[PDB]
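All remarks here apply to the structure that follows.
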Amino acid sequence: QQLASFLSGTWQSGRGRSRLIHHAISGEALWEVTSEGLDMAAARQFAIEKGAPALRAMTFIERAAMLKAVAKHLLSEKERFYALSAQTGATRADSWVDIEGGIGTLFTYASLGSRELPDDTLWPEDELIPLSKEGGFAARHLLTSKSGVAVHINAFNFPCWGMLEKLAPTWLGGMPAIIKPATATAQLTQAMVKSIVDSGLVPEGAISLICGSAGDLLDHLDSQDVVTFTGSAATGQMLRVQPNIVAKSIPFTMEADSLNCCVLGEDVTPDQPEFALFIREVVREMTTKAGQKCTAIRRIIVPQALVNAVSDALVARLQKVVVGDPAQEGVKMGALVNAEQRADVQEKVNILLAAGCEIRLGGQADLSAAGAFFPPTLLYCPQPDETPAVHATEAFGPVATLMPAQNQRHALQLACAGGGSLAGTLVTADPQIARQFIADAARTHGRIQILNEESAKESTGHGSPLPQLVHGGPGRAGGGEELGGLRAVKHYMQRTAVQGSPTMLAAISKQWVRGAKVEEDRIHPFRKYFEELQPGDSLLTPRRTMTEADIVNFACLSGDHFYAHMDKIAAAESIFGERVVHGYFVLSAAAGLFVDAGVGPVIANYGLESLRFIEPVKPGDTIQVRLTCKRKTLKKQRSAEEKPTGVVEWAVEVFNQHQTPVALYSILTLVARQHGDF
Amino acid sequence: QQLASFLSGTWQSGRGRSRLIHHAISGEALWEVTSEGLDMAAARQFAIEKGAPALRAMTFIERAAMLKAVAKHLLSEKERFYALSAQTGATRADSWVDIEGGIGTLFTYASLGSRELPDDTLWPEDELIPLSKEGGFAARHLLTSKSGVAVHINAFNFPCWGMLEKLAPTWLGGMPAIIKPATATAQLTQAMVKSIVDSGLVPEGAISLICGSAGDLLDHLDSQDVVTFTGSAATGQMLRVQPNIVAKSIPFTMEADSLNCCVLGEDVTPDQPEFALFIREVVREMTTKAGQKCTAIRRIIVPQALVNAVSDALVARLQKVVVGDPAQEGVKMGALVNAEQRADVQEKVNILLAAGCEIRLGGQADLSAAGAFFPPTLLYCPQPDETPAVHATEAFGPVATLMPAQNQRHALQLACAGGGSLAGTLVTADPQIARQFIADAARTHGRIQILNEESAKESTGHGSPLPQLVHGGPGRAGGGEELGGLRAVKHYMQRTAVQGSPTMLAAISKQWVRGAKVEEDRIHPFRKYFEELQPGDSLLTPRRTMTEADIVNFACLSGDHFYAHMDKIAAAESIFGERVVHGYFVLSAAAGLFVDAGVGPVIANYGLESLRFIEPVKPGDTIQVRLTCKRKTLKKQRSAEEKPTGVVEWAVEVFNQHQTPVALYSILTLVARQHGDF
Amino acid sequence: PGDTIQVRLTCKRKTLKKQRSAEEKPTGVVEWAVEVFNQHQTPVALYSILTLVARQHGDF
């Protein structure tokens, strides 16, 4: 039953030297995997000629909606994925984290995209940068999709999460994806790819899959493609010096093995809740998915005095973990994915012992049984700062090393001796200890959690990467960065500075910018439905002369009697030199000048975005407002009942009688549409 | 006279095989350069043991002040720099570009840093991310300095701008720098390093200088270091696969040779001003410092019909450029820097001719003269889309190739045929043309300018990278990114997600976050001076019950009679279902509840940052405000006269009587300090 | 109009009130001196206000 790979739009396989996928529990070879003789160049050309322009023609909103649809469809069919995940040696909870976290990543990126990306195919990322004095020359930065294909080489740990956490920003960025899973678990990736393809929800050529070897696919890439790698450091570093990849300046992100730490702060005593949650945390991160997560804890750093009590508690809670076939009731920790991984973990443990580690629990595994089971293992390092192997060697399984520290600073040095890690944890109740730990050791960790009693009730965990937070680390951890919210979307896009006149920048951005041409229409802009509005639709209001009576009435009604408005003596000694009008009254009176009173398309206001008070307004000044439609963003109907709306941002400029701007800001509104999209 | 290297705090030189620095005009060898036998490992250790912690102890405000002081001291002594620049073959305007642009980059980064970086040693880049339902578990992203040293390997084009361009963000990020200029022009870099060092304005070990070869410096770097390279693509791609750099995941960004284009829009005709400014632009970019800038125009793409007119105009304007010794009155364009560079330019021109290019203006130089002069060379390519060498070969001199296009889209394809460029220019007057060009060709360009009549008045240029805009490009341009404002500062820092309870995150951040512990005083916070204020100092105000009278009075005073407030019939079928209170009146009444009236340390309000209206406020509801000090930022006294103030951001939270929030926002404020720092 | 006023509020006289029972809250009577000045610091109004003020400790 050879495993097919989906490329050039067809399901096909290869012929030659194979590899086998065994059952992690029984040991039977239940899949054969090979991709020899497949035209890799044809697959790349297929993804580029028809997948990429199809994705790029969609606006960001349409791509986010497509992410959401795909997530829903994948969620409806999760039972198939659970049944396949059972073959890899996972309990129901590990398959849960993998499956449900991958789909939840899709949902999170869909939400972020809908909420904060433009309704366009281009993405203007910052505000307009003025580069002159009369305003004829300005700049802003834009992001456009790269035109190539994204190749994601994933590791066996998370066959579904590891694919979707990369796939979601790849599509949100507008790029097709060629996915190459790890051979040892490709059967679970294939089924999810087949589900996505058979849903009909994504464009043709937007997703390809290589089961087996990539062949010479990297030799055919050019500078508009991107490559991401997850796995062993040797394979990644070999890929990093790929002659084609270095000749074309192809972006390459690497995520290697890291030695994640968990530190116990000096301030805690064994009679505190922090001690118990620390023990529970170390055990959970040691034992979930048999400790095969990239973020699983590998080094435990405790104060010298606490070592014996900590070791007693760890072995006590850790002996109560039953390893076996999760289909049996009473099993809490399954097996490694194959006997090869078991041999690798055993030889790493043997290296650590040969380099000066004592067994506290279960160092040797049954290296002959059918299932790839490993017993939970807790090691001890007595000379932590002169045993350099414990800071470089990572057994990729339920194995962790306890080690002592001193004076709360030796612990920081030991945490940094890892050489760059993905995740670290500090259990403490003292906020100053946590400040010191961050300021000293954040530079070697990609993610750090301070774990006290309050955070422990809803904390997601030491080993769980959330889609909103970056996932990566320096040095030993590869150097790359994933999952930083929209930070990940930007890795599939080119950033470009665009210089020119404001009017040109407005036309290019499809958003109005300061100083650009406007259009006046003799119909108030608040009477136009969403579709009739264009950026640059502008209204000059009538004037209102400020008076002393306005200062008095506003101070009274609001209750703000700040001396700058109500005290002549104190105002004379201020920077302005006399009494001025309240800034909030300038804001309110401006709204009074431009707001259309009667029922119309404008539904809500709900938001003001960047208000600066530039010049003071005095009694005797006359103010006037220009209201320009700045940006529009359609909102997708989440049902057939909801009335179709869109978001409109408006630029507001308040001028005095010298045409001098005295206030600048944006308002957000909800505006109704004439045509919904169900 | 041998050029010294400043490493380990001492001025020293090397002994062995040397390179010679010849005068570009006369040809005399006036410097000898070698660094053999210098302890590079000692230099790096000197940078990281005393330069790096010294820079890291400074807040971003102090490092910005140090940048400004260094820029001033450099500007005062610019005559020496101009004199050493004369030796390189530069007219007064080219040296002005280099010297004043480098110093202006320092000034700009000082300004950006003092204006928008925290008064701390850590940089919290984003707002708090809630990760729980009850608010016990959240996260935000921090940036902290890396521990290592930054090695900047610079090119000969811009010996002053090329160093300070990288040095400003390196220091602002808290990293020591080791500068390695190009040997051919290291005399100008040495003098600027001498100025900086004998100024006494920077910490010890914050800048080192290697004149000549780098020896084995790259072999001794670890994961906390960063490397940058500008120059030849072969040398950079060799550095990219340096075995130590790849084994340790050391960040490495490369900038190489790019074929910058300049398209003429289909809309323009010879009778338009666009045509004249297009000619002027191509000629200025061709002849400024002999066309030796990385952003010089190399490919001119015009419509097939305009080809002969453009070729007449370019030749005419370009014969008027007098090349010679710029010390002679009447010279407009100087020499190249070396006879070696002149030979390289000549052989690139010969390759282009051998690949099918027509001479339009002189293309043969004097390969025996003492000065390294090259005449302005304008080539012609008759069949642009089938001679691939015109899109791959770059003569680093006063050489540019004219080529024809068709149908407005062949020109876009030609622009993209360069394989990734730093800069491109489109001359047009039609904004739709500009939008099409951007949307299709931004992905292969790092910077693009739309050049019309309005922008021509104050346009800084095609070839001048401004410090606010990114400087880089994909593919053939190396793939790197520089100068993007604070974007470049973040390349010398590590980004880290920190999860925990809001109280822990507030301690780590030194800024109050939503949900964190506050502290109340019995003294109103607005009566405290800057130094007495602490993030989290908080005031619960008294309550104000909203009535129908308040709605009527505010609508009357402000003029806003929007139906949701004043029309009970229309409000009946709104989403709220009855009349509500104006959001701006909620804002004003909140200010009335918390603002202290009497003269105190609070000087100005001037700002409101992120206002959302969460829930409607109805008549009969009672509101109460919690005002919390969120973030403090000291402002440096720019004289001894001005009063010392600081910037305080305040968190405002308005609650109704169910303790439900109805408005959240921040106010900015100027607060007087007790003690200035002159 | 154009004059600026400022007030000094001074506690003038305190008089404790005996609790009628063990139930009623213990208050006292405070008379306050009020002095309103204009910007030449000359007084423009003088008067006293009476006030009921809550006590911390009753005497049943």
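Residue numbers (the entry's author numbering), protein chains in the order written: chain B, 2 to 679; chain K, 2 to 679; chain E, 620 to 679.
Where a beta carbon is used, it is the ideal one built from N, C-alpha and C, also for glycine.
Point to revise | K:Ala673 (DSSP reduced to helix, strand or coil) | key: In the structure shown, K:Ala673 sits in a strand (DSSP, three-state: E or B).
Review point. What in chain E is Cβ-close to B:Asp568, meaning under 7 Å?
Key: Under the 7 Å cutoff, chain E gives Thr623.
Point to revise | Of the residues B:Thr231, B:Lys181, B:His221 and B:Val194, the one placed nearest B:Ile211, counting alpha carbons only | key: For B:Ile211, the nearest C-alpha among the options comes from B:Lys181.
Check your understanding: Is K:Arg580 helix, strand or coil when you go by DSSP?
Key -> K:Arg580 falls in the coil class under three-state DSSP.
Exercise for review: My understanding is that K:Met334 touches K:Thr402, with C-beta atoms under 8 Å, so please give their C-beta distance in whole angstroms.
Suggested key: With 8 Å as the limit, K:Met334 and K:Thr402 do not qualify as a contact, their Cβ atoms being about 19 Å apart.
Review point. Is K:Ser422 helix, strand or coil when you go by DSSP?
Key: Of the three classes helix, strand and coil, the one that applies to K:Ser422 here is strand, per DSSP.
Point to revise | Contact set between residue 1 of chain K and chain B, taken where Cβ atoms lie within less than 9 Å | key: In the structure as shown, chain K starts at 2 and stops at 679, and residue 1 of chain K therefore has no counterpart that could be examined.
**Study point:** Option in K:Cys262, K:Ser559 and K:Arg545 with minimal Cα separation from K:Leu423
**Key:** Of K:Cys262, K:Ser559 and K:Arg545, the residue nearest in Cα terms is K:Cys262.
Check your understanding: So what does K:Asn351 bridge to, in DSSP terms?
Key -> In the DSSP output, where bridge partners are listed per residue, K:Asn351 has none listed.
Practice item. Let me know if K:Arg57 comes out buried or exposed under the rule of 16 or more other beta-carbons within 10 Å of its beta-carbon. Key: With a 10 Å radius around the Cβ and a threshold of 16 neighbouring Cβ atoms, K:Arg57 comes out buried.
Check your understanding: Quick one: does B:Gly149 have its CB under 7 Å from some CB of chain K?
Key -> It does not; no Cβ of chain K falls within 7 Å.
Point to revise | Nearest residue (CA-CA) to K:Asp40, options K:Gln13, K:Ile449, K:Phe82 and K:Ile130 | key: Ranking the options by Cα distance to K:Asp40, first place goes to K:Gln13.
Exercise for review: Would you list the one or two residues that DSSP bridges to B:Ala605?
Suggested key: Answer is B:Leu671.
Review point. DSSP on K:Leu452, reduced to helix/strand/coil?
Key: Strand, per DSSP.
Review point. K:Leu85 lies in the alpha helix (DSSP H); which residues open and close that run?
Key: For K:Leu85, the enclosing alpha helix (DSSP H) has its first and last residue at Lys79 to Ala87.
Exercise for review: Out of K:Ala257, K:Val332, K:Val338 and K:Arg361, point me to the one whose CA is closest to K:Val308's CA.
Suggested key: Cα-wise, what sits closest to K:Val308 is K:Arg361.
Review point. K:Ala396: which of K:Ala418, K:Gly364 and K:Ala370 sits nearest, CA to CA?
Key: It is K:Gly364 whose Cα lies nearest to the Cα of K:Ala396.
Review point. Between the region 648 to 659 of chain B and the region 555 to 569 of chain B, do at least 3 Cβ pairs fall closer than 8 Å?
Key: In this structure the region 648 to 659 of chain B does not lie against the region 555 to 569 of chain B, because fewer than three pairs of beta carbons, one per stretch, are closer than 8 Å.
Practice item. Using alpha carbons as the reference points, say which of B:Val316, B:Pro274 and B:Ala572 lies closest to B:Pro377. Key: Checked all of B:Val316, B:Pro274 and B:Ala572; the closest Cα to B:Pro377 is B:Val316.
Practice item. From the DSSP output, in three-state form, read off K:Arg45 for me. Key: In the displayed model, K:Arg45 falls within a helix according to three-state DSSP.
Check your understanding: Hey, B:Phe47 and B:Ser9: beta-carbon distance below 7 Å or not?
Key -> Against a cut-off of 7 Å, the Cβ pair of B:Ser9 and B:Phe47 comes out as a contact.
Point to revise | Per-residue DSSP class, three states only, for K:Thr109 | key: Shown here, K:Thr109 sits in a helix according to DSSP, grouped into three states.
Point to revise | Proximal residues of chain C, C-beta to C-beta of E:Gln660 below 9 Å | key: Included in the structure are the protein chains B, K and E, with no chain C among them.
Exercise for review: Would you mind giving the Cβ-Cβ distance between K:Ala151 and K:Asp226, rounded to the nearest angstrom? I have them listed as a contact below 8 Å.
Suggested key: The pair is a contact, with the Cβ atoms about 7 Å apart (cut-off 8 Å).
Practice item. With B:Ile211 as the anchor, note down where its beta strand (DSSP E) starts and where it stops. Key: That residue, B:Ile211, is in no beta strand (DSSP E); it is neither H nor E in DSSP.
Check your understanding: Would B:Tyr607 count as contacting chain K if we go by Cβ distances under 7 Å?
Key -> Answer yes: the Cβ-Cβ gap between B:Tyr607 and chain K drops below 7 Å somewhere.
Check your understanding: With a cut-off of 7 Å, does the C-beta of K:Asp561 fall near any C-beta of chain B?
Key -> So, interface residue.
Point to revise | B:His463 at chain K interface by Cβ criterion, 7 Å | key: No, no contact with chain K.
Check your understanding: How would you list, in chain order, the residues of chain B whose beta-carbon sits under 7 Å from the beta-carbon of K:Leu588?
Key -> The answer, in chain order, is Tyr585.
Review point. Excluding five sequence neighbours on each side, which residues of the same chain lie with their C-beta closer than 6 Å to the C-beta of B:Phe138?
Key: For B:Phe138, the CB contacts under 6 Å within the same chain, skipping 5 residues up- and downstream, are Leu132 in chain order.
Check your understanding: Touching or not, the region 508 to 526 of chain B and the region 476 to 491 of chain K, by the rule of three or more beta carbon pairs under 8 Å?
Key -> The region 508 to 526 of chain B, when compared against the region 476 to 491 of chain K, does not touch it at the 8 Å Cβ threshold.
Practice item. Starting from the beta carbon of B:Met255, find every residue of chain K whose beta carbon is closer than 8 Å, and list them in chain order. Key: For the C-beta of B:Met255, the chain K residues within less than 8 Å are, from N- to C-terminus, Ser250.
Review point. Thinking C-beta only, is B:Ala591 closer than 7 Å to B:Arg580?
Key: No, these two residues do not count as a Cβ contact at 7 Å.
Check your understanding: Is the region 543 to 553 of chain K touching the region 663 to 679 of chain K in the sense that three or more CB pairs, one from each, lie closer than 8 Å?
Key -> Counting Cβ pairs under 8 Å, fewer than three are found: no touch.
Practice item. Name the two residues that bound the continuous alpha helix (DSSP H) containing K:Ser146. Key: Here K:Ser146 belongs to no alpha helix (DSSP H); instead the beta strand (DSSP E) covers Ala139 to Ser146.
**Study point:** Counterpart residues of K:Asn261 in DSSP-defined beta bridges
**Key:** Partner residues in the beta bridge of K:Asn261, as assigned by DSSP, are K:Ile298.
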